[PDB]
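A.B. asks: I have a structure here, written as structure tokens, and I will follow up with some questions on it.
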Amino acid sequence: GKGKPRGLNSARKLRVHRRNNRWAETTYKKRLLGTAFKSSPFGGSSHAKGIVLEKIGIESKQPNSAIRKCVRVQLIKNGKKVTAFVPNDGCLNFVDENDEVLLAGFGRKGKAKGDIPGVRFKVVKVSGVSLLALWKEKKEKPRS
Amino acid sequence: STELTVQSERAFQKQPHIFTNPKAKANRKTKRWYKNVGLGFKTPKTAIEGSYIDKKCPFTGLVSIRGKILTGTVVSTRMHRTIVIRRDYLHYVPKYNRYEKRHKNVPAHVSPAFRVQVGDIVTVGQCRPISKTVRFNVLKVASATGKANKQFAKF
Amino acid sequence: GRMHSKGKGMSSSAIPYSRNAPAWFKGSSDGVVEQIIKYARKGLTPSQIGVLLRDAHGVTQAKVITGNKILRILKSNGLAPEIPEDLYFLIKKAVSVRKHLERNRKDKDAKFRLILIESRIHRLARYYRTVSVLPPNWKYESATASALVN
Amino acid sequence: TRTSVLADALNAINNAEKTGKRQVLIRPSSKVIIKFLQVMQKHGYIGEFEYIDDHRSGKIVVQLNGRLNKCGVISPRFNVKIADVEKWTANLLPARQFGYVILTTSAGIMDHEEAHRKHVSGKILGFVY
RNA sequence: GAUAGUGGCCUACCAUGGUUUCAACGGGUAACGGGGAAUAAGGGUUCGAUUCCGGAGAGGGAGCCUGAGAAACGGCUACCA
RNA sequence: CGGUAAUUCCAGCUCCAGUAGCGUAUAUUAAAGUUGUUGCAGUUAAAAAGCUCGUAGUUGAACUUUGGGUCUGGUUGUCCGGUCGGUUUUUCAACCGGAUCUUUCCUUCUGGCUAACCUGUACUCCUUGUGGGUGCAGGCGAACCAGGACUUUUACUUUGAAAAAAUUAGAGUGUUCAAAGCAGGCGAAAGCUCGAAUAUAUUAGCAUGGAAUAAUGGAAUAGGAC
RNA sequence: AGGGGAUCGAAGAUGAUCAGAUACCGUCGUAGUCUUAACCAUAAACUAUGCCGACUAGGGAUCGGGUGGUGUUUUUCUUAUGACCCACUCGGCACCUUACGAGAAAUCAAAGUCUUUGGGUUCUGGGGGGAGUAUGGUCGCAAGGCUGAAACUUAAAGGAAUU
RNA sequence: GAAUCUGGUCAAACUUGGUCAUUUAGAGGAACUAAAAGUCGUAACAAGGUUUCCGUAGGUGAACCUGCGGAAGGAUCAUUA
Ligand SMILES: [Mg+2]
Ligand SMILES: [Mg+2]
Ligand SMILES: [Mg+2]
Ligand SMILES: [Mg+2]
Ligand SMILES: [Mg+2]
Ligand SMILES: [Mg+2]
Ligand SMILES: [Mg+2]
Ligand SMILES: [Mg+2]
Ligand SMILES: [Mg+2]
Ligand SMILES: [Mg+2]
Ligand SMILES: [Mg+2]
Ligand SMILES: [Mg+2]
Ligand SMILES: [Mg+2]
Ligand SMILES: [Mg+2]
Ligand SMILES: [Mg+2]
Ligand SMILES: [Mg+2]
Ligand SMILES: [Mg+2]
Ligand SMILES: [Mg+2]
Ligand SMILES: [Mg+2]
Ligand SMILES: [Mg+2]
Ligand SMILES: [Mg+2]
Ligand SMILES: [Mg+2]
Ligand SMILES: [Mg+2]
Ligand SMILES: [Mg+2]
Ligand SMILES: [Mg+2]
Ligand SMILES: [Mg+2]
């Protein structure tokens, strides 16, 4: 029995069949179609710099309720517009309109985090300095 | 292959630097040059006695058999003086611990010293490049008659 | 378990152990051979001849008594047909079906059956070519098939 | 179609053993099968076996003591290359102390230990423990 | 004929072949190839622009001079940018 | 988790983890028997083509030399250390070979060397001997070549030859240790001296041993073999 | 596109019922239902169980065939059939009880002979949505069929059983 | 023996078209997802109050309804003689 061929000269069939099947595995598909380059706002890169258009509070999904404090960013490298969450309690009032910002992914590999709908990106650095540093009061924002 | 006539095209076809002195008359009248290829292979009587020409014959021409000596079944005789040889082999795919059946066609040159049909197994020797694709020259045809002795079933 | 139907049957003749001629049977192998030849002349296929031998006479199997199978014997004498027997029969069957189809067109079951028969014939033809009983180019069609039959 | 005869035989034997029977009736019978049986006999996994002559294929009656806990062919007879035997052994056998991988070499059909001793390898057949 | 020489390499005359479901041909590559690298029961999977070995290229395409050796660009000639 | 006792937010104090490091992002590998050759599933969780035919592909019953015997090489356990913790045989073993003989050719000759005695030509150096060898006409040829003559063809497996160095595995060696490096070490410390190993890579080609497994080929108008 | 057009009846009318009711119920009623030439190629086209082969466990049934019964009846005296009756046997549609095997379980004589993993093979699946959609082929007179994505989205969708 | 010059040859490039590929403005249109204190019903889950499904055709405001054939994943493993 068993669906596969077994014979000592099958080989080719085993190969081709495996290849065919591989396309149902999502990661593999992504790798091969190259959807990290063609689609996706970051050009298959770990980080991206963009310019802040405006500051937008986003209402969280259910069980929860709280205005999340995100930022609408337009990335420098391609010109694509994305929403980016600004972490920590203050921090939204470190950003301002027309400011250069360094965005990382959220930590779900393209997918949205937690309860914040349509947001796939963090804010790491504003005007060249780390948000965390600012928050902890280790450095100051050197204007814009 | 040749197929009849011999002196059949725009130029006179002779073995280069073979002279047949037209004063003192010989037994053969025209001298035929041949050589044995070596490697244990035998120059056929069809090559020595024949009236055909060929520069690209390994027996009566100028090419020399050296390097690789391959064997395989004949696929096509259609193009003049040459042949196509199929060469079945097994390619080992290591991941699946098994074998693919594979192919590779070798175009080879056929001396008019041979009768070659499609399906005959042929021993072919490597030589100097002869055309765009040909590097090989037919040395021995193994399928001699097939069933040309007793073709008809009636005892 | 059958070649074209879902059928799974096991009905067959079961040849006895002893290759030697049965103890009760007298006669002679030569006589048997002669009889076979006569039958062939009359115009019978091997199987039929065998059946006849089994029934009217003391012949269990021809190979048991003579040393040779009937077809071989026929060949030796120069009597084995242009087309092997089974193949011929198949062809005949196919022809009948074709004829039927010609007459009545809406018989789809019949048509289906015909296809099967054709396939079988093709298989047999291929086998024969490989063994070189048929001339290695012999093909089966329609008009030609009919001609062969008749 | 009966693609493998040896396999069939082995399966039958296994079935017999599991259900506790003391004898099997193997039905097609070959040289290879016989050889396999002999190896088992030598190693004491099997009792006396005898070959009935049908004047066609054959038929083997095998006595089982009860020690044999699994036969098993490994089917597409992989060409095992001396250093590769070890891997096979590791895979198929339940321990490192006992059990045999039967492999057909040009030196004949034998268990893996014998092959090692003789320094020969070939195609794999089956296994017993 | 040309070449250092073999060869449709090119030319004349002739023949109709050659490759292909054991994927030819086409398309893609965010592809230089290999030694190797990461992982690490066994089997694998992914990576290899990069110190060694091959190969290409000197903005792009051509074309050549000198020379044993270059179709060279820290040589020349042209066109496009 | 957070709607008034928040072990989850923001702090303070305690505490835990890793530590000159630890965190975050995106790939990628392991986890994944969630790509499955090893090794997955398909009645109901995703999944058996509506059904049959069918070229390629993959796969495909059994069957040809098996059995005995005769010697003969080893290789470790044993039987004592016969010995100056090591080393030699026998009582013995299983194990791996080699030669044969069994109705058995192992490719065959055209010759070179015939080693050897199948020999026996003088028969004796000589314990009463078939212990032993100066010795050459008939001739065993396997002790090797050097040439034919053609050898069914593979797959498989074997040992060998090649798969550059670095990398990898790994021997040696107190870079003070280590990552490393290919150094070093010993003297009278007058000069001497080990080193710089090995092993892997299987795809393809080459070489040879094997002849189980799997295939192919031969004599059926015999135009068959001697 | 012809022929047929009794019944039943997508559309329609049309009478009720309802807040609405061009829905269920009622009465009519073209197309269709039947057929002849073409087309279409899909169904919960389901046993939701691919095909070929081997083996493992009892039990009665039953259909098709075949054997052995001085078995019963038929009766035109032996009869000879036929029909029964018993026993065995191949092939089939199933079923019943146990699983010592499987399985998540429901259940399964296969869905068994699978971590004690390899009889031969073809096809299909790889979380849920987006979607059998978009697009490009191709086949259809058309309806449609076969082929078949991605972006984005989401922590479940599901299966069998439980109180 | 330089300029110059006749034919070639290699052949960059340029003018006007055509073509394939990838992009890119894009009046409008038709989607799906997310948020699920809007509006109209209640289609499905109980025989869900006309048993559900499925293929197909027609019809509708919307679930949907109605033919014809099918399937229990049905509310029936059941009526001997
Ligand atoms: Mg059968
Ligand atoms: Mg079939
Ligand atoms: Mg590139
Ligand atoms: Mg690469
Ligand atoms: Mg590289
Ligand atoms: Mg690059
Ligand atoms: Mg530059
Ligand atoms: Mg240049
Ligand atoms: Mg420069
Ligand atoms: Mg330079
Ligand atoms: Mg508190
Ligand atoms: Mg992984
Ligand atoms: Mg799975
Ligand atoms: Mg399903
Ligand atoms: Mg066989
Ligand atoms: Mg190391
Ligand atoms: Mg109505
Ligand atoms: Mg009304
Ligand atoms: Mg009504
Ligand atoms: Mg369907
Ligand atoms: Mg189905
Ligand atoms: Mg999915
Ligand atoms: Mg449920
Ligand atoms: Mg309702
Ligand atoms: Mg309802
Ligand atoms: Mg379902």
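FYI, nothing fancy with the structure tokens labels: chains A, B, ... in order, residues from 1 per chain, ligands from 1 as they appear.
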Per residue of chain E within 12 Å of ligand 5, note the shortest atom pair and the distance in Å to one decimal, counting only C-alpha atoms (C1' of nucleotides) and all ligand atoms, and order the rows by chain and increasing residue number, as JSON lines.
C.D. replies:
```
{"residue": "E:31", "atom": "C1'", "partner": "ligand 5", "partner_atom_place_in_ligand_line": "1 (Mg)", "distance": 10.9}
{"residue": "E:32", "atom": "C1'", "partner": "ligand 5", "partner_atom_place_in_ligand_line": "1 (Mg)", "distance": 7.0}
{"residue": "E:33", "atom": "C1'", "partner": "ligand 5", "partner_atom_place_in_ligand_line": "1 (Mg)", "distance": 7.2}
{"residue": "E:34", "atom": "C1'", "partner": "ligand 5", "partner_atom_place_in_ligand_line": "1 (Mg)", "distance": 7.6}
{"residue": "E:35", "atom": "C1'", "partner": "ligand 5", "partner_atom_place_in_ligand_line": "1 (Mg)", "distance": 9.4}
{"residue": "E:36", "atom": "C1'", "partner": "ligand 5", "partner_atom_place_in_ligand_line": "1 (Mg)", "distance": 9.3}
{"residue": "E:37", "atom": "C1'", "partner": "ligand 5", "partner_atom_place_in_ligand_line": "1 (Mg)", "distance": 11.3}
{"residue": "E:47", "atom": "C1'", "partner": "ligand 5", "partner_atom_place_in_ligand_line": "1 (Mg)", "distance": 11.2}
{"residue": "E:48", "atom": "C1'", "partner": "ligand 5", "partner_atom_place_in_ligand_line": "1 (Mg)", "distance": 5.7}
{"residue": "E:49", "atom": "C1'", "partner": "ligand 5", "partner_atom_place_in_ligand_line": "1 (Mg)", "distance": 7.4}
{"residue": "E:50", "atom": "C1'", "partner": "ligand 5", "partner_atom_place_in_ligand_line": "1 (Mg)", "distance": 7.5}
{"residue": "E:51", "atom": "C1'", "partner": "ligand 5", "partner_atom_place_in_ligand_line": "1 (Mg)", "distance": 11.9}
{"residue": "E:52", "atom": "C1'", "partner": "ligand 5", "partner_atom_place_in_ligand_line": "1 (Mg)", "distance": 11.1}
{"residue": "E:53", "atom": "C1'", "partner": "ligand 5", "partner_atom_place_in_ligand_line": "1 (Mg)", "distance": 10.7}
{"residue": "E:54", "atom": "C1'", "partner": "ligand 5", "partner_atom_place_in_ligand_line": "1 (Mg)", "distance": 10.6}
{"residue": "E:55", "atom": "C1'", "partner": "ligand 5", "partner_atom_place_in_ligand_line": "1 (Mg)", "distance": 11.0}
```
A.B. asks: From the DSSP assignment of the backbone, select every residue of chain A that is alpha helix (DSSP H), and format the answer as a PyMOL selection string.
C.D. replies: chain A and resi 12-22+26-33+35-38+131-135
A.B. asks: Print the selection's residues with C-alpha atoms to a file, as a PDB file, in the first residue's frame.
C.D. replies:
```
ATOM      1  CA  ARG A  12      11.948  11.163 -10.397  1.00  0.00           C
ATOM      2  CA  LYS A  13       8.301  10.795  -9.426  1.00  0.00           C
ATOM      3  CA  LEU A  14       9.189  11.172  -5.747  1.00  0.00           C
ATOM      4  CA  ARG A  15      11.111  14.359  -6.544  1.00  0.00           C
ATOM      5  CA  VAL A  16       8.535  16.008  -8.799  1.00  0.00           C
ATOM      6  CA  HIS A  17       5.647  15.062  -6.497  1.00  0.00           C
ATOM      7  CA  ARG A  18       7.490  16.545  -3.518  1.00  0.00           C
ATOM      8  CA  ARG A  19       8.141  19.737  -5.475  1.00  0.00           C
ATOM      9  CA  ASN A  20       4.462  19.977  -6.370  1.00  0.00           C
ATOM     10  CA  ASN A  21       3.405  19.460  -2.781  1.00  0.00           C
ATOM     11  CA  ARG A  22       5.863  22.037  -1.446  1.00  0.00           C
ATOM     12  CA  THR A  26       3.000  28.901   2.960  1.00  0.00           C
ATOM     13  CA  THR A  27       6.491  30.008   3.972  1.00  0.00           C
ATOM     14  CA  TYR A  28       7.992  28.154   1.009  1.00  0.00           C
ATOM     15  CA  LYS A  29       5.461  29.773  -1.326  1.00  0.00           C
ATOM     16  CA  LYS A  30       6.347  33.206   0.050  1.00  0.00           C
ATOM     17  CA  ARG A  31      10.048  32.521  -0.446  1.00  0.00           C
ATOM     18  CA  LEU A  32       9.571  31.324  -4.016  1.00  0.00           C
ATOM     19  CA  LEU A  33       7.025  33.825  -5.371  1.00  0.00           C
ATOM     20  CA  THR A  35       6.153  38.247  -2.016  1.00  0.00           C
ATOM     21  CA  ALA A  36       8.586  39.875   0.451  1.00  0.00           C
ATOM     22  CA  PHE A  37       9.819  42.081  -2.433  1.00  0.00           C
ATOM     23  CA  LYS A  38       6.756  42.500  -4.689  1.00  0.00           C
ATOM     24  CA  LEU A 131      12.051  56.075  21.722  1.00  0.00           C
ATOM     25  CA  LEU A 132      13.052  53.955  24.713  1.00  0.00           C
ATOM     26  CA  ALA A 133      15.939  56.305  25.499  1.00  0.00           C
ATOM     27  CA  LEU A 134      13.592  59.298  25.382  1.00  0.00           C
ATOM     28  CA  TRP A 135      11.053  57.533  27.568  1.00  0.00           C
TER      29      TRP A 135
END
```
A.B. asks: Contacts from chain C to chain D, 10 Å maximum, only C-alpha atoms: show me the residue list as an MDAnalysis selection string.
C.D. replies: chainID C and resid 1 15:19
A.B. asks: Which chains and residue numbers are within 12 Å of ligand 12, counting only C-alpha atoms (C1' of nucleotides) and all ligand atoms, if I want them as a list in words?
C.D. replies: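 Final answer, ordered by chain and number: residues 25, 27 and 28 of chain A; 39, 44, 45 and 46 of chain E; 28, 29, 30, 31, 32, 34 and 35 of chain F.
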A.B. asks: Provide as a list in words the residues of chain G at most 12 Å from chain D, counting only C-alpha atoms (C1' of nucleotides).
C.D. replies: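 The answer, sorted by residue number, is residues 51, 52, 53, 54, 55, 56, 57, 100, 101, 112, 113, 115, 116, 117, 118, 119, 120 and 121 of chain G.
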A.B. asks: Pick out the residues no farther than 10 Å from ligand 17, counting only C-alpha atoms (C1' of nucleotides) and all ligand atoms, and list them as a PyMOL selection string.
C.D. replies: (chain G and resi 10-14+22-23) or (chain H and resi 59+65-66)
A.B. asks: Using the selection just defined, write its residues with N, CA, C and O atoms (P, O5', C5', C4', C3', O3' and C1' of nucleotides) as a PDB file, in the first residue's frame.
C.D. replies:
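Here's the written file again-v7.pdb:
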```pdb
ATOM      1  P     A G  10     -44.591  24.992  -9.982  1.00  0.00           P
ATOM      2  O5'   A G  10     -43.210  25.786 -10.074  1.00  0.00           O
ATOM      3  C5'   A G  10     -42.345  25.621 -11.216  1.00  0.00           C
ATOM      4  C4'   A G  10     -41.004  26.287 -11.002  1.00  0.00           C
ATOM      5  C3'   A G  10     -41.016  27.811 -11.003  1.00  0.00           C
ATOM      6  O3'   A G  10     -41.263  28.287  -9.683  1.00  0.00           O
ATOM      7  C1'   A G  10     -39.340  27.039 -12.498  1.00  0.00           C
ATOM      8  P     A G  11     -41.868  29.752  -9.456  1.00  0.00           P
ATOM      9  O5'   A G  11     -41.118  30.627 -10.558  1.00  0.00           O
ATOM     10  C5'   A G  11     -41.671  31.868 -11.014  1.00  0.00           C
ATOM     11  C4'   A G  11     -41.286  32.129 -12.449  1.00  0.00           C
ATOM     12  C3'   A G  11     -42.108  33.216 -13.134  1.00  0.00           C
ATOM     13  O3'   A G  11     -41.643  34.520 -12.799  1.00  0.00           O
ATOM     14  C1'   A G  11     -42.036  31.309 -14.526  1.00  0.00           C
ATOM     15  P     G G  12     -42.434  35.392 -11.707  1.00  0.00           P
ATOM     16  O5'   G G  12     -43.902  34.771 -11.751  1.00  0.00           O
ATOM     17  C5'   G G  12     -45.060  35.585 -12.016  1.00  0.00           C
ATOM     18  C4'   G G  12     -45.510  35.448 -13.456  1.00  0.00           C
ATOM     19  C3'   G G  12     -47.006  35.659 -13.666  1.00  0.00           C
ATOM     20  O3'   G G  12     -47.258  37.003 -14.059  1.00  0.00           O
ATOM     21  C1'   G G  12     -46.400  33.497 -14.415  1.00  0.00           C
ATOM     22  P     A G  13     -47.826  38.044 -12.989  1.00  0.00           P
ATOM     23  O5'   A G  13     -48.781  37.134 -12.093  1.00  0.00           O
ATOM     24  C5'   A G  13     -50.163  37.467 -11.878  1.00  0.00           C
ATOM     25  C4'   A G  13     -51.056  36.817 -12.914  1.00  0.00           C
ATOM     26  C3'   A G  13     -52.466  36.504 -12.417  1.00  0.00           C
ATOM     27  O3'   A G  13     -53.343  37.596 -12.678  1.00  0.00           O
ATOM     28  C1'   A G  13     -51.470  34.520 -13.229  1.00  0.00           C
ATOM     29  P     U G  14     -53.903  38.496 -11.466  1.00  0.00           P
ATOM     30  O5'   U G  14     -54.643  37.434 -10.532  1.00  0.00           O
ATOM     31  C5'   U G  14     -55.709  36.606 -11.041  1.00  0.00           C
ATOM     32  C4'   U G  14     -55.917  35.403 -10.151  1.00  0.00           C
ATOM     33  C3'   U G  14     -56.066  35.692  -8.668  1.00  0.00           C
ATOM     34  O3'   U G  14     -57.306  36.295  -8.310  1.00  0.00           O
ATOM     35  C1'   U G  14     -54.647  33.828  -8.959  1.00  0.00           C
ATOM     36  P     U G  22     -47.982  35.996  -1.562  1.00  0.00           P
ATOM     37  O5'   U G  22     -46.618  35.403  -2.134  1.00  0.00           O
ATOM     38  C5'   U G  22     -45.563  36.266  -2.590  1.00  0.00           C
ATOM     39  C4'   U G  22     -45.546  36.278  -4.097  1.00  0.00           C
ATOM     40  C3'   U G  22     -44.162  36.282  -4.734  1.00  0.00           C
ATOM     41  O3'   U G  22     -43.750  34.945  -5.013  1.00  0.00           O
ATOM     42  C1'   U G  22     -45.472  38.072  -5.607  1.00  0.00           C
ATOM     43  P     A G  23     -42.464  34.310  -4.281  1.00  0.00           P
ATOM     44  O5'   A G  23     -42.981  34.035  -2.797  1.00  0.00           O
ATOM     45  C5'   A G  23     -44.005  33.055  -2.519  1.00  0.00           C
ATOM     46  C4'   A G  23     -43.532  32.084  -1.466  1.00  0.00           C
ATOM     47  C3'   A G  23     -44.489  30.945  -1.129  1.00  0.00           C
ATOM     48  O3'   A G  23     -44.490  29.881  -2.074  1.00  0.00           O
ATOM     49  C1'   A G  23     -43.604  31.853   0.867  1.00  0.00           C
TER      50        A G  23
ATOM     51  P     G H  59     -35.693  34.828 -14.447  1.00  0.00           P
ATOM     52  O5'   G H  59     -36.458  35.140 -13.085  1.00  0.00           O
ATOM     53  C5'   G H  59     -37.886  35.327 -13.056  1.00  0.00           C
ATOM     54  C4'   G H  59     -38.424  35.034 -11.676  1.00  0.00           C
ATOM     55  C3'   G H  59     -38.128  36.080 -10.615  1.00  0.00           C
ATOM     56  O3'   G H  59     -39.014  37.192 -10.699  1.00  0.00           O
ATOM     57  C1'   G H  59     -37.802  33.894  -9.735  1.00  0.00           C
ATOM     58  P     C H  65     -35.982  28.710   1.863  1.00  0.00           P
ATOM     59  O5'   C H  65     -37.148  28.840   0.786  1.00  0.00           O
ATOM     60  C5'   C H  65     -38.330  29.625   1.044  1.00  0.00           C
ATOM     61  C4'   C H  65     -39.029  29.943  -0.253  1.00  0.00           C
ATOM     62  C3'   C H  65     -39.251  28.753  -1.174  1.00  0.00           C
ATOM     63  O3'   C H  65     -40.406  28.017  -0.783  1.00  0.00           O
ATOM     64  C1'   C H  65     -38.405  30.593  -2.417  1.00  0.00           C
ATOM     65  P     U H  66     -40.450  26.423  -0.972  1.00  0.00           P
ATOM     66  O5'   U H  66     -40.690  26.253  -2.536  1.00  0.00           O
ATOM     67  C5'   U H  66     -41.843  26.830  -3.183  1.00  0.00           C
ATOM     68  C4'   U H  66     -41.705  26.720  -4.681  1.00  0.00           C
ATOM     69  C3'   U H  66     -41.236  25.366  -5.185  1.00  0.00           C
ATOM     70  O3'   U H  66     -42.336  24.465  -5.241  1.00  0.00           O
ATOM     71  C1'   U H  66     -40.035  27.092  -6.283  1.00  0.00           C
TER      72        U H  66
END
```
A.B. asks: Can you list, as a list in words, every protein, DNA or RNA residue that comes within 12 Å of segment 65-81 of chain G when you count only C-alpha atoms (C1' of nucleotides), leaving out same-chain residues fewer than 3 positions away?
C.D. replies: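 The filter keeps residues 9 and 11 of chain C; 84, 85, 86, 87, 88, 89, 90, 91 and 92 of chain G.
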A.B. asks: With C-alpha atoms (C1' of nucleotides) kept, could you save the residues just selected as a PDB file, in the first residue's frame?
C.D. replies:
```
ATOM      1  CA  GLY C   9     -13.460 -15.642 -10.299  1.00  0.00           C
ATOM      2  CA  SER C  11     -12.512 -21.178 -12.358  1.00  0.00           C
TER       3      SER C  11
ATOM      4  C1'   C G  84     -37.591 -29.362  -2.704  1.00  0.00           C
ATOM      5  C1'   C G  85     -34.107 -31.675   1.641  1.00  0.00           C
ATOM      6  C1'   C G  86     -29.095 -32.416   3.549  1.00  0.00           C
ATOM      7  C1'   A G  87     -23.699 -31.925   3.070  1.00  0.00           C
ATOM      8  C1'   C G  88     -19.620 -29.732   0.586  1.00  0.00           C
ATOM      9  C1'   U G  89     -17.634 -26.251  -2.837  1.00  0.00           C
ATOM     10  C1'   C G  90     -16.040 -21.817  -5.957  1.00  0.00           C
ATOM     11  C1'   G G  91     -18.122 -16.429  -7.270  1.00  0.00           C
ATOM     12  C1'   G G  92     -21.470 -12.471  -5.481  1.00  0.00           C
TER      13        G G  92
END
```
A.B. asks: Compile the residues of chain B that lie within 10 Å of chain C, evaluated using only C-alpha atoms, and express the compilation as a short mmCIF file (atom, residue, chain, number, x, y, z; two decimals) with N, CA and C atoms, in the first residue's frame.
C.D. replies:
```cif
data_model
loop_
_atom_site.label_atom_id
_atom_site.label_comp_id
_atom_site.auth_asym_id
_atom_site.auth_seq_id
_atom_site.Cartn_x
_atom_site.Cartn_y
_atom_site.Cartn_z
N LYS B 147 17.15 -10.95 -37.46
CA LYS B 147 16.52 -12.22 -37.86
C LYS B 147 16.40 -12.34 -39.39
N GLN B 151 13.47 -15.37 -41.40
CA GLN B 151 12.43 -14.34 -41.25
C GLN B 151 11.02 -14.93 -41.38
N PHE B 152 10.88 -15.92 -42.27
CA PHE B 152 9.60 -16.57 -42.55
C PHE B 152 9.39 -17.81 -41.67
N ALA B 153 8.16 -17.95 -41.16
CA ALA B 153 7.82 -18.94 -40.13
C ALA B 153 7.72 -20.40 -40.61
N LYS B 154 7.56 -20.59 -41.92
CA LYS B 154 7.32 -21.92 -42.51
C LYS B 154 8.57 -22.81 -42.52
N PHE B 155 8.51 -23.89 -41.73
CA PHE B 155 9.58 -24.88 -41.56
C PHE B 155 10.06 -25.52 -42.87
#
```
A.B. asks: Counting only C-alpha atoms (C1' of nucleotides), collect the residues of chain A whose closest atom lies at most 9 Å from chain G, and write them out as a PDB file with N, CA, C and O atoms, in the first residue's frame.
C.D. replies:
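Output file selection16.pdb is given in full below:
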```pdb
ATOM      1  N   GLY A   1       0.822  -1.244   0.000  1.00  0.00           N
ATOM      2  CA  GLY A   1       0.000   0.000   0.000  1.00  0.00           C
ATOM      3  C   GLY A   1       0.836   1.266   0.000  1.00  0.00           C
ATOM      4  O   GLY A   1       1.874   1.326  -0.668  1.00  0.00           O
ATOM      5  N   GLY A   3       0.267   5.521  -0.489  1.00  0.00           N
ATOM      6  CA  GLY A   3       0.073   6.344  -1.692  1.00  0.00           C
ATOM      7  C   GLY A   3       1.249   6.610  -2.622  1.00  0.00           C
ATOM      8  O   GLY A   3       1.060   6.737  -3.834  1.00  0.00           O
ATOM      9  N   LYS A   4       2.456   6.693  -2.055  1.00  0.00           N
ATOM     10  CA  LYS A   4       3.684   6.963  -2.819  1.00  0.00           C
ATOM     11  C   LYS A   4       4.144   5.738  -3.621  1.00  0.00           C
ATOM     12  O   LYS A   4       3.857   4.604  -3.229  1.00  0.00           O
ATOM     13  N   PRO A   5       4.859   5.961  -4.749  1.00  0.00           N
ATOM     14  CA  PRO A   5       5.605   4.856  -5.359  1.00  0.00           C
ATOM     15  C   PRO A   5       6.835   4.512  -4.518  1.00  0.00           C
ATOM     16  O   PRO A   5       7.388   5.393  -3.850  1.00  0.00           O
ATOM     17  N   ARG A   6       7.250   3.245  -4.547  1.00  0.00           N
ATOM     18  CA  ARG A   6       8.384   2.787  -3.742  1.00  0.00           C
ATOM     19  C   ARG A   6       9.558   2.251  -4.549  1.00  0.00           C
ATOM     20  O   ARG A   6      10.694   2.342  -4.100  1.00  0.00           O
ATOM     21  N   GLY A   7       9.275   1.703  -5.730  1.00  0.00           N
ATOM     22  CA  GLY A   7      10.269   1.027  -6.573  1.00  0.00           C
ATOM     23  C   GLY A   7      11.598   1.728  -6.740  1.00  0.00           C
ATOM     24  O   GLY A   7      11.654   2.952  -6.853  1.00  0.00           O
ATOM     25  N   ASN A  21       4.026  19.350  -4.087  1.00  0.00           N
ATOM     26  CA  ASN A  21       3.405  19.460  -2.781  1.00  0.00           C
ATOM     27  C   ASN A  21       3.910  20.680  -2.047  1.00  0.00           C
ATOM     28  O   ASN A  21       3.104  21.386  -1.434  1.00  0.00           O
ATOM     29  N   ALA A  24       2.062  24.062  -1.176  1.00  0.00           N
ATOM     30  CA  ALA A  24       1.000  24.174  -0.168  1.00  0.00           C
ATOM     31  C   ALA A  24       1.518  24.675   1.191  1.00  0.00           C
ATOM     32  O   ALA A  24       0.730  25.024   2.079  1.00  0.00           O
ATOM     33  N   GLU A  25       2.844  24.705   1.329  1.00  0.00           N
ATOM     34  CA  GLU A  25       3.544  25.169   2.523  1.00  0.00           C
ATOM     35  C   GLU A  25       3.819  26.662   2.338  1.00  0.00           C
ATOM     36  O   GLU A  25       4.548  27.054   1.420  1.00  0.00           O
ATOM     37  N   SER A  39       5.018  42.456  -2.978  1.00  0.00           N
ATOM     38  CA  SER A  39       4.116  43.036  -1.978  1.00  0.00           C
ATOM     39  C   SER A  39       4.926  43.371  -0.715  1.00  0.00           C
ATOM     40  O   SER A  39       6.158  43.460  -0.786  1.00  0.00           O
ATOM     41  N   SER A  40       4.238  43.550   0.421  1.00  0.00           N
ATOM     42  CA  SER A  40       4.824  43.939   1.727  1.00  0.00           C
ATOM     43  C   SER A  40       5.517  45.318   1.725  1.00  0.00           C
ATOM     44  O   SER A  40       6.382  45.575   0.885  1.00  0.00           O
TER      45      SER A  40
END
```
A.B. asks: With only C-alpha atoms (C1' of nucleotides) as the basis for distance, which of E:80, E:23, E:71, E:41 is at the shortest distance from chain B?
C.D. replies: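 Ranked by minimum distance to chain B, first place goes to E:23.
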A.B. asks: When the cut-off is 12 Å and you count only C-alpha atoms (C1' of nucleotides) and all ligand atoms, which residues lie near ligand 25, shown as a list in words?
C.D. replies: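 The neighbouring residues of ligand 25 are, in order, residues 23 and 24 of chain G; 42, 43, 44, 45, 46, 47, 48, 49, 50, 51, 52, 53, 64 and 65 of chain H.
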